[PDB]
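This document starts with one chain, in the form deposited in one PDB entry, laid out as structure tokens.
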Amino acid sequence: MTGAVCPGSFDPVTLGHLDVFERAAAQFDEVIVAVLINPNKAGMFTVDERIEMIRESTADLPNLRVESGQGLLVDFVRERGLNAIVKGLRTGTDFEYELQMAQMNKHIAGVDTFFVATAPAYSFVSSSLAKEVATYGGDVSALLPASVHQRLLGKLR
């Protein structure tokens, strides 16, 4: 059985992330989405809220599961019998930064990273920019899953 981990803060999950999840679940026997908890930045949504939002949006992916993770990612991956990470990239400068992390993760733990190019429609979407825009009344409903948008309006109120 093949498998990969899709890591991120997902605060909140976007349609870009979801596209990556779907494409991973289509090519690996199992996919684990790792929602990374950071004690430093606490973000807009709690880890449990983030997990629930992802589960709602991935309800039709039976071979994908969602968990919280903390600390060194390659430990999270290897603890679950896997040794691949799958991540989306939206630009060359994204690649450069992620490349050093991928080479580091391969060096320290033998864990591989597979990158997928963003769907063209979501090349400009990020969690941070979506939150920023929404905070000032901008409409980001076309960039987020249905599950997220309603919950986002709520947090803003």
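Residue numbers run from 1 along the displayed sequence.
Absent from the display: the form solved in complex with a small molecule. The rest refers to it.
Of the heavy atoms in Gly81, none are within 4.5 Å of the small molecule in the entry with it bound. Within 4.5 Å of some heavy atom of the small molecule in the entry with it bound lies at least one heavy atom of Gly69. Taking the partner from the other structure, the small molecule in the entry with it bound has a heavy atom within 4.5 Å of a heavy atom of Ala34. Though the partner is left out of this view, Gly8 does reach within 4.5 Å of the small molecule in the entry with it bound, counting heavy atoms only.
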